[PDB]
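Quick heads-up: it's one chain on its own, the form deposited in one PDB entry, in C-alpha cells.
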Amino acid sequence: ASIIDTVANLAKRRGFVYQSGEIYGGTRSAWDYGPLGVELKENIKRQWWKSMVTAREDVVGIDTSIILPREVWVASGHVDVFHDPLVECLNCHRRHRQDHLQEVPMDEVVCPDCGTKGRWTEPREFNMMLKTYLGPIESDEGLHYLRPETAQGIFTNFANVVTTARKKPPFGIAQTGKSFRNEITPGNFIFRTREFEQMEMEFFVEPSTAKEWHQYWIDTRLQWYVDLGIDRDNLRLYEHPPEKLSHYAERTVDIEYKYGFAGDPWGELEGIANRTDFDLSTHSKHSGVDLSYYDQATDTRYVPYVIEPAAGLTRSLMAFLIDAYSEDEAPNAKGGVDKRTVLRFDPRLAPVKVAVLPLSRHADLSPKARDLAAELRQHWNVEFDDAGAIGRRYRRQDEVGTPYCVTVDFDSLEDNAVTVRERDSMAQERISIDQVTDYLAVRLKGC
C-alpha cells in the first residue's frame, strides 16, 4: 500500500480526521478534525502565528470576515476572472474540468464517470467562488461571495492598520482563517477541500525592493517547515510559468512537498507571490479611498508592492503528518523485535504532549498517577491510560506521536519518582515527581 493511504488510515483510525457528516454520506471534499487532529492543527497554526506575528516587530495580526461586501470581489477581479472551463459529458451529463481532463490542449477525451469518450459540450466558464444571500430577499442586492482568499480583508484594511498600529513599509499584516472554493473534484485525503483554512501574510514594501523581499520570504517560509521537522529533501520550489499566474500576481513561487501521490508525488504546499501594487491600486480606484502610503522621511507617496506567503493550514497538516510517519524496528517485551509505527512530530506540534501510564490498574498506583496527570494538565494536553499491558500502551502513544510517557510503578510509592520514556529513542530515565514538570518543560520547547 502507498504511504498516503497508510497515513490516511492511521489518521482515521485514531481520530485525527473524520469525513464531515459521514453518517449521511461523506466525501473527501469535507473533513472534520477529531480530538488529536484539532490539537495538531491548532499547534501548527500557533507556530505560524508565533513565527509571523509574535516574533516579528515588522508584522502585525488581523482577523477579517469570511463574508465581505460584494464590491470587494468585483474590485479584486475575482468576479470577472476567478473561473475555470467546464465541459459536460453528452452521455451522463456530468460536468468536469476541461483543463484537468486535458492533463496541454487535446480534443476528444474519456469521461471518468461513464467512460463514453469524445462526446462533450463546448466549454463554459464557471466561477469558483461560493455564493450566499444576505437579507430576506434572494436577489442581486443580497448576493455575497464567501471569500476565496483571506487576502482582500487585509488589503481593504491597509490604511486602517497603518494608522492604528503606526506601521510603515516594509511591514506585514498576517491572518488565519477559512476560505472557500467550489472545487469540482476532491483531492487525495485532505489535500483539496471546498472549505479550508489559510495562513496568509501581505508584506508591504517600497517597490524597488520587492524582488529582494520576495526571495527573503521564499527562503524564510522554506526554513519554517524545516525548523518544525520536515525533511528538507521532501521540499522543493516551483516557479509559475506565465500562463499559470493568478490575475493578481506578477511572479509566484510555490513551496511543494513530496506528499507521495501516485504518478507525480509532488504537490503544492504554499504559494509566495509578488502581487506588485495590483490589490491596493484596484481598491483605491473602486472605493475612492486612497490606499497609497506617504513616506514622511522623503516626502514621497507610493502604492506599496506586496509579497504574499499564503500557506494552507490543512495542507500543512497533511505534510507534517506524512513527513512524521515512520516505521522502525523496536524491541518488544518478549525479547523479540516488532515493526513499530511512530509519528516523529516536533514536540511543539504533537497533539498529546505527555501520557501518564500507571504500570497496572493496581489501586495503589492510581492515586499518584491521577494526581500527576492532574498536575500536568495545568500545562499541557495529557492522556491518562491504565488499560492493558504497559508496552502496548507505549506503542499506542508512539503511534500518535506523543513525545514522552511517564510510568508510575510500585517503586514510585517509595522513592516518589517516575520513569520518563522518550518516544524516538525509547530511552527511560527515572525522575523525581516534583521535577517532572520542569524536566518536560525543557524538552517540550513551548512558550
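If you superpose the two forms and keep the largest set of C-alpha atoms that fall within 1.5 Å, you have the rigid core. Residue numbers here begin at 1 and follow the sequence given.
Omitted from view is the form deposited in another entry, to which the following refers.
Among the residues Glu212, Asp371, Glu268, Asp295, the single one whose Cα moves by at least 2 Å between the shown form and the other one, once the core is superposed, is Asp295.
In a rigid-core overlay of the protein, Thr282 has its C-alpha displaced by under 2 Å between the shown form and the other one. Core-superposed comparison between the shown form and the other one: the Cα of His362 travels less than 2 Å. Superposition of the core reveals a Cα shift of less than 2 Å for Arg236 between the shown form and the other one.
The pair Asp299 and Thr209 approaches in the other form: their C-alpha atoms are at least 3 Å nearer to each other than in the form depicted.
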